[PDB]
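S.K.: compute the structure for the input listed below.
(chains A and B, ligands or ions: 6)
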There are 2 protein chains.
Amino acid sequence: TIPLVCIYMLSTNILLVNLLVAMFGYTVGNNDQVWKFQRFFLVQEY
Amino acid sequence: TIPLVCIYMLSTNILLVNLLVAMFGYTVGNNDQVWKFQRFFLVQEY
Ligand SMILES: CCCCCCCCCCC
Ligand SMILES: CCCCCCCCCCC
Ligand code: NA
Ligand code: NA
Ligand code: NA
Ligand code: NA
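M.R.: Numbering: from 1, shown residues only, chains lettered A, B, ... in the order given. Ligands and ions are numbered 1, 2, ... in the order given. For reference, the structure is listed below:
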């Protein structure tokens, strides 16, 4: 258990960070034109 | 239990806040140049 909680302290903080990257990764990387192209894109196929 | 839930009302709100600081602390403190230095940094060692 000297490394087994350090498994869970390393399992969390690589799945937790990947979860938090998923919540926030839309922010990094004109956003009315970036939207209005995609709103035009999706409605055009239907 | 007059203080024991106030333990848990103080345990949460110091671990919850430290969790929420972890989600949001990347925002505070040029971010194309701040990235492109680190993308150059990591690829250069490999
Ligand atoms: C093995 C458990 C280590 C602590 C888990 C706390 C993670 C909280 C995640 C809430 C999104
Ligand atoms: C002792 C429990 C006190 C309430 C816990 C609610 C915290 C929700 C955290 C969700 C990230
Ligand atoms: Na886990
Ligand atoms: Na997790
Ligand atoms: Na707690
Ligand atoms: Na918590």
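
S.K.: what about stretch A:23-38, start to end distance?
M.R.: Length of stretch A:23-38, first residue to last, C-alpha to C-alpha, to the nearest Å: 20 Å.

S.K.: are that stretch and ligand 1 in contact anywhere?
M.R.: No. Stretch A:23-38 stays clear of ligand 1 (C-beta under 6 Å from any ligand atom), getting no nearer than 10.1 Å. From N, CA and C alone the C-beta is placed, and that goes for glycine too.

S.K.: helices along chain A, start to end?
M.R.: A:4-11, A:15-24, A:31-45 (DSSP state H).

S.K.: these: which one's closest to residue B:27?
M.R.: Nearest to residue B:27 among the helices of chain A is helix A:15-24 (8.3 Å), distances taken as C-beta to C-beta.

S.K.: ok, and what's touching the closest one?
M.R.: For helix A:15-24, contacts defined as C-beta atoms under 8 Å, 6 or more residues apart in numbering or on different chains pick out B:22-23, B:26.

S.K.: mind doing that once more with 6 Å?
M.R.: By C-beta atoms under 6 Å, 6 or more residues apart in numbering or on different chains, the surrounding residues in contact with helix A:15-24 are residue B:23.

S.K.: is ligand 6 contacted by that helix?
M.R.: No. Remark: helix A:15-24 sits outside contact range of ligand 6, by C-beta under 5 Å from the ion, the gap being at least 11.8 Å.

S.K.: tilt between that helix and helix B:16-24?
M.R.: 60 degrees (axes from the mean of the first three to the mean of the last three C-alpha atoms, to 10 degrees).

S.K.: quickly check: helix A:15-24 near ligand 4 or not.
M.R.: Yes. With C-beta under 5 Å from the ion as the criterion, ligand 4 is reached by helix A:15-24 at A:15-16.
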